[PDB]
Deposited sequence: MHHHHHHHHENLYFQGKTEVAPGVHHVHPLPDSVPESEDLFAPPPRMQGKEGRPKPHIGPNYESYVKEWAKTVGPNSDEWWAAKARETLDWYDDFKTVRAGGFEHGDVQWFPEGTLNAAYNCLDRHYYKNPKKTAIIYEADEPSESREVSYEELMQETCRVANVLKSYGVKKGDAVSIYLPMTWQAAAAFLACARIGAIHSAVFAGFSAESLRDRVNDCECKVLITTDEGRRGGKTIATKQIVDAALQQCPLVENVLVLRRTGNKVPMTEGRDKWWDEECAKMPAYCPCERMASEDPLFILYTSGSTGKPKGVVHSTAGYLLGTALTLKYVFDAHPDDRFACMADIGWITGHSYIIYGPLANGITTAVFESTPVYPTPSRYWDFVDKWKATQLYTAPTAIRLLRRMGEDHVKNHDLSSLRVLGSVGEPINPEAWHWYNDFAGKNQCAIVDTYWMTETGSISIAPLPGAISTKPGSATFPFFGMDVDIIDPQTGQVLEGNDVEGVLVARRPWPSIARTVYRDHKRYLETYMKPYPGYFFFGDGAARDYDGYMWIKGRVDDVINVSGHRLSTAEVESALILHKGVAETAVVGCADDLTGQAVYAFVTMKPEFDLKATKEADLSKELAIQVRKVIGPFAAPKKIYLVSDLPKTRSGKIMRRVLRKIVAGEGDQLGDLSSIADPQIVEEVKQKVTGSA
């Protein structure tokens, strides 16, 4: 008799609640959790971070977490309506000083970065001394190019450890870095280079990902022909293969840095000075250049890492994402290094050289936390349990998931093999615009449900609004759109040179609130469930269906690897459901007739969700359209099913 149901799972609801395991109880010599041991301990602290008397907690956390050059006087000001959000405005600091120097001064030999190379034998540890010295050399090179405080600098680097040095070198001198996924086309790179109006670009000669070569310098050359403002290009010699170099414009990273000293002073940045620009992926439309300031963002990534992953000084955090993504910004570089711990820069893929790469990595360095996306979790689950069953992995305590709703079926595989039912699973929900994790379980306090992000993080006061009325739905067992009531420190301050798009997208749909764009429900116990994008909702005869419902129901069928449902106009039901299903490679499509597989899928969905939710048509594909981030581009499939990289050719053909 609950209007809000959990995501479909093979495990019954009465046996599907997972309390913090002994590794997250301070047992076996593991570190004691910062928040624990139950839900009330989370609320007792969270209540200090929201409301009209939360300034005391935030002012204390800001001064305790970051090193300041000048103290602040005001804690917060501004709001959503005009986009004038301010946090600690009178304070001065530097991100590079907090992520490097202050930890170098205490323990220079401590490992800052575990550089897991594409080839495993080429991996090595990078100390804080080496990362700070290389950062200061690059900062000295940029200053010799005439880069000033507030100038934009484009970054087009793959997942090599020097990418963090390029990030922090810009932050050290007050330049706004704008990282772009290594592998984006010359057209995509050009649009982001021209939009930020940078005069300097940093890239490599070539990149190496999963035994493949990214011709980064060749792509830069093609883009820069239509980028008339770039005057200086710094090229890192990653592979050593012959690439074109333009005289005067292009210089070698190693030859420039060798001329510069190994220390560079820190520019004293105001709290609201812009730290970086990051362009979104654009799963729903044209990407926007999200701008984050300094103090609020840095404090948010520092606190979230410490509490969402229960990080302790000697931990080795392993976020396997790419720094072209906000996950890499906040939980590879800024978050982990601000806390002064060891972070991982993973250059390869989850299946190179073999699908055991994640776990050969975990046992080699004894990683204490793992952070990845559901697309990689569903990829390793598809390759069999024989790449995971015979590893140790006991060094881990917390496993993370970010980017999309994680199906309970994929949640359990993560829980059973990567954690061996001894790790806590943090389903972390947030956006590029939020800066830091918005809704996630605190691993030493929250009992988890497969597919639920649980409860909002410190400083986040979220509510559910009925989109039909624009009113907040009070209580539990409610469903609607997710919004936030007040600003938080790490919130995006603007969209670069397009503040109107920033207010129209996030601040004007529901005035007084921040609009995430996601559908959400709060069950009877108060747990939040992110149902999917509001744009991706399908309305069949007045039944509003989310993507996470049907896809989680479809994956409950044997052999199903990954699915994606989109809507299309129907004359009887208003909209009809179309399913794109990917089976495991070992599945026999000849012994099992396809028409009977579709019928079994339609009954599997009807038995878990309802009669209305059965897909009207089901297409079998080899893969789905996905961004470099890993998100499924359901907007593309919807247009194909309506008539309007290489996987798009297989989808358009099979749709006719």
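- Missing from the model, relative to the deposited sequence, are the stretches 1 to 23, 668 to 679, 692 to 694.
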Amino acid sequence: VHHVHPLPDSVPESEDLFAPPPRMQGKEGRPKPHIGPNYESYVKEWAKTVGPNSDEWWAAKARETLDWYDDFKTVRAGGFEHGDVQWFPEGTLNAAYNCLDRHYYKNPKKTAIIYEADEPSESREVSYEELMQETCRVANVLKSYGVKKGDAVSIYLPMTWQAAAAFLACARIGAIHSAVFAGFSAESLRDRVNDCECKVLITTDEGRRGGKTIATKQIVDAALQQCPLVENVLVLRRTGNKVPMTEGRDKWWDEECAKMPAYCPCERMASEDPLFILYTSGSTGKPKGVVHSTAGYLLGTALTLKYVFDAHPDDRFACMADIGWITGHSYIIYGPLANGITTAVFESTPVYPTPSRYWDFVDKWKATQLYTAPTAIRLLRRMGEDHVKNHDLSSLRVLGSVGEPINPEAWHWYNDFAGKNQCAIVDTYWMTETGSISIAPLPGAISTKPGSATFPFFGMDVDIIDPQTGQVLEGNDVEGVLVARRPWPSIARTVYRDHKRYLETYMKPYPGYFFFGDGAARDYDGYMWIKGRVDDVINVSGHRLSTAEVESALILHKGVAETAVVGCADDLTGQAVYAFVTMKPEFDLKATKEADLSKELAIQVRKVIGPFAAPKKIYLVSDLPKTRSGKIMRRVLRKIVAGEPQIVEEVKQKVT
From here on, numbers count along this sequence of modelled residues.
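Think of the rigid core as the biggest set of C-alphas that the two forms share within 1.5 Å after superposition.
- The rigid core fit leaves 286 to 294 as the farther-lying stretch in 6 other deposited structures of this protein, judged by Cα positions and set against 248 to 256 and 286 to 294.
- Core superposition of the other structures onto this form places the C-alphas of 273 to 281 farther off in 6 other deposited structures of this protein than those of the other stretch among 273 to 281 and 222 to 230.
- Across the other PDB entries of this protein whose models span the neighbouring residues, residue 59 is modelled without exception, so it is unmodelled in far fewer than a third.
- In the other compared entries of this protein that model both flanking residues, residue 590 lacks coordinates in at least a third of them.
- With 527 to 535 and 376 to 384 compared on mean CA B-factor from the PDB entry, the stretch scoring higher is 376 to 384.
- Looking at 563 to 571 and 499 to 507 together, the entry lists the larger mean B-factor for 563 to 571, computed on C-alpha atoms.
- Set against one another, the Cα B-factors of 584, 109, 102, 522 in the record reach their highest point at 584.
- In this entry, the residue among 628, 63, 44, 34 with the greatest C-alpha B factor is 628.
- For residue 82, the recorded CA B-factor ranks within the lowest third of the chain. Only modelled residues enter the ranking.
- For residue 69, the recorded CA B-factor ranks within the lowest third of the chain. Only modelled residues enter the ranking.
- The PDB entry assigns residue 229 a C-alpha temperature factor belonging to the middle third of its chain's modelled residues.
- In the PDB entry, a CA B factor belonging to the lowest third of its chain's modelled residues is recorded for residue 49.
- Sorting the modelled residues of the chain by their CA temperature factor places residue 92 in the lowest third.
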